[PDB]
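Consider the single chain below, provided in structure tokens and representing the form deposited in one PDB entry.
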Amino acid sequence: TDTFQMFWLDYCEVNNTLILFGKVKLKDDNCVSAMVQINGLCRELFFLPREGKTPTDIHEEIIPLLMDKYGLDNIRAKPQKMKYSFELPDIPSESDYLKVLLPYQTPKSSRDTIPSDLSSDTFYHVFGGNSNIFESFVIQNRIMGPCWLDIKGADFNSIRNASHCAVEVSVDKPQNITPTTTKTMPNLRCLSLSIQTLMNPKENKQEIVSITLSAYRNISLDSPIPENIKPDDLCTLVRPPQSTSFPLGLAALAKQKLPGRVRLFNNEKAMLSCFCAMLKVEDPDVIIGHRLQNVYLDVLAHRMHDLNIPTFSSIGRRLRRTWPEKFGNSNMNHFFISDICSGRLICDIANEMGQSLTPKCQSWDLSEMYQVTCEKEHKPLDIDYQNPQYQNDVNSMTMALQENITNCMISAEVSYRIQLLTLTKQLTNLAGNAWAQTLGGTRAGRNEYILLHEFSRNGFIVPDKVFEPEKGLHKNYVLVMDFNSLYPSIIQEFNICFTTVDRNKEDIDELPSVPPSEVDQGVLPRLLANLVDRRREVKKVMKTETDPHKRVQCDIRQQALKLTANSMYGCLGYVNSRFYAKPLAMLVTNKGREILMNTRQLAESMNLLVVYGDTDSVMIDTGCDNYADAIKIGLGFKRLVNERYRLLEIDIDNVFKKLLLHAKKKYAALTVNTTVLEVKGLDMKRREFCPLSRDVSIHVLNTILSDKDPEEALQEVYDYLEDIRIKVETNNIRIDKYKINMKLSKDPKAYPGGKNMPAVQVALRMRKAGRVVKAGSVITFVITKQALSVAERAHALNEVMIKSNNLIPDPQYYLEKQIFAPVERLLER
């Protein structure tokens, strides 16, 4: 009742301070944005005494020397016993250190860090020199991801015009900030962004043509988000792709045909200026999109830079009048943009995190994700604003904007359906890192912080920053068994930890041995055990829970706990990990091979056949032709594996009634859920083949994988093909089915070997005729019969459809290159 309370979401570093962005509740129960500037943070350094020396000896040497370099009056320092258990060979298991608190903000040389290998006759190592300020705050104050923060001694008059937030305060010391236990959170303001660009061939520059903004101002993660939730506001901005003016009637047609507002601008600079202004006023907590992180945010940033947009900083929540000096270095561009966006969470459904939640996808194209996650179909329009029709054709312009609007709302809907926010929040609360790092990073970040918190809290010093596939058709049900928990069960079962495994820190290639049963449970195994235990606690509560809201919540919690545990191996296995330890990785890997090798023998002891296997999954031929019998075999195998390995709990992930297998991610099959056809890795190049070819291939699979005898079905195939061969020769198939699309990456006159490419020959024939066609143009053609080359015989579809042109499809080409070659692979085995 006397403290400033904020729910923190994101952060940024500046002038050796730490700024937290979050939300504050007002007297009308509404929540607005807020920022907190944190001063007084210090790096925690630990100086390691020399043989015979003490911490007091160290205090006498460096403290006075540190006061000089940094120009400090006094420096807090004191002896402290700390444990060490990582890869530096010359440091003991436990020692008395001198803990020195060195402020980030210092009068002198504040940007100069103390090296770990600092020369001295009292100590021979220094930990914590290069500490990151966010890390220091989070670890010292035990902050575990986004949560409510009690902030005492908040100064409401110190900060002036620093942010795009409604409330700005500061604090003199980080100890004034403590986390609360409150489990609920405020509603989030989400803004879905969809951007349409244009490639300027002159400068090879990506330019922005339009932007759609869909606002959802009350997304509550405390309850499930309702499907097909409608936006509170929808607006589209657009500039002319070619000239300074749009086609006539555009505004009247927009109001008539397009949902939400449409705003027209005379140029891109004006458009982007309005965009920034809208962002500021909307003040969203989350920006949702598809491929924002490493495609469109880059384009957006550079264009605001190119066009010198003064209000560019409103993409984030800190106010800057000028860009960073070095903005313009390849890799550094990522940091600058991420830094500028600080304050607003980037919810990208198609980045690494987004993909990890949607393993059933293959391309992660927007329309594909929409199909997989929402079971809805959207046929994507290929909009090319280079085409001249968009400068005078009002209907084309309108359809293109509709495509943008649709994509914007699809991106949002998908992000909610795959529960990208709640899952990432839970993952962040479990690992103790930043929500932004979880949304936009790899697993390593979570892996890193979960250990940083775990070890630091128990007085530890942390480090400074397969079975080849059986190719063919499998007639018996094949089950895919999930072995994701393999490594975390090994680490737990054999008590493998940085603190338990005696290892030679000189030669990291030397294989160590697991600790004897006498050794107490280590930090890493205990962490895993706790995660597994809590997961069970949740699943127990679920069985009883009646309320669908709380139940759905439990399922999210349960998932997060699982993902956290199954990512732990990365901590010690990933080469570039802060906690990388080769002796441990090898130790866990070898035990993993044994278990898998023995898992094979176990399968065979039940008269099962291992079709494929690796550390993540094992595929088993059940030998049954019935779902029930297959599942029972599957569970029997599950029980058998657990009896031999008490901590290894595998499960059935995929059920294949039939399986045409080539590799782990290259197969066709009838999956059960209601049987359904599923193809992976064999649907790469659909574009190069016509509808007839794709209709043939699909029909062939269906019949082959059908529950019909393998001769009658295979005869049904020949009766089908032969019939297709006669229909092609007599040309009694729709001309549509022969069509082949091909996009031009470069201008037709500059295509090397154009004489061989049918699309180019047809494109050039349009030029010499008169019609215009450039790079990016999609050529639809059909190979015709009359020696003339295949490319020469290629003609535009619309031409071939006109009977009076006397053009017919060439049987030779379509029977050999379009029907034979593809099938020659389908029926190889």
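Basically, rigid core = biggest C-alpha set you can superpose within 1.5 Å across the two forms. Numbering starts at 1 and runs along the sequence shown.
The next section is about a form of this same protein that is not shown, the form deposited in another entry.
Colleague: Report the residue, chosen from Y477, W435, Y449, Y416, for which the CA moves 2 Å or more between the shown form and the other one after the rigid core is overlaid.
Modeller: One residue passes the 2 Å cut-off, namely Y477.
Colleague: Is the C-alpha displacement of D121 equal to or greater than 2 Å between the shown form and the other one once the rigid core has been superposed?
Modeller: Indeed, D121 is displaced by 2 Å or more.
Colleague: Against the rigid core, is the Cα displacement of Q553 between the shown form and the other one at least 2 Å?
Modeller: The answer is yes, as the C-alpha of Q553 shifts between the shown form and the other one by 2 Å or more after core alignment.
Colleague: When you overlay the rigid core, is the Cα of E816 off by 2 Å or more between the shown form and the other one?
Modeller: Result for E816: yes, a 2 Å-plus shift.
Colleague: Check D306 against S777 at the C-alpha atoms and report closer or farther in the other form, compared with the shown form; the change is 3 Å or more.
Modeller: Result: closer.
Colleague: Explain in one word, closer or farther, how the Cα atoms of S777 and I405 are placed in the other form relative to this form, where the distance changes by 3 Å or more.
Modeller: Relative to the shown form, the pair is farther apart.
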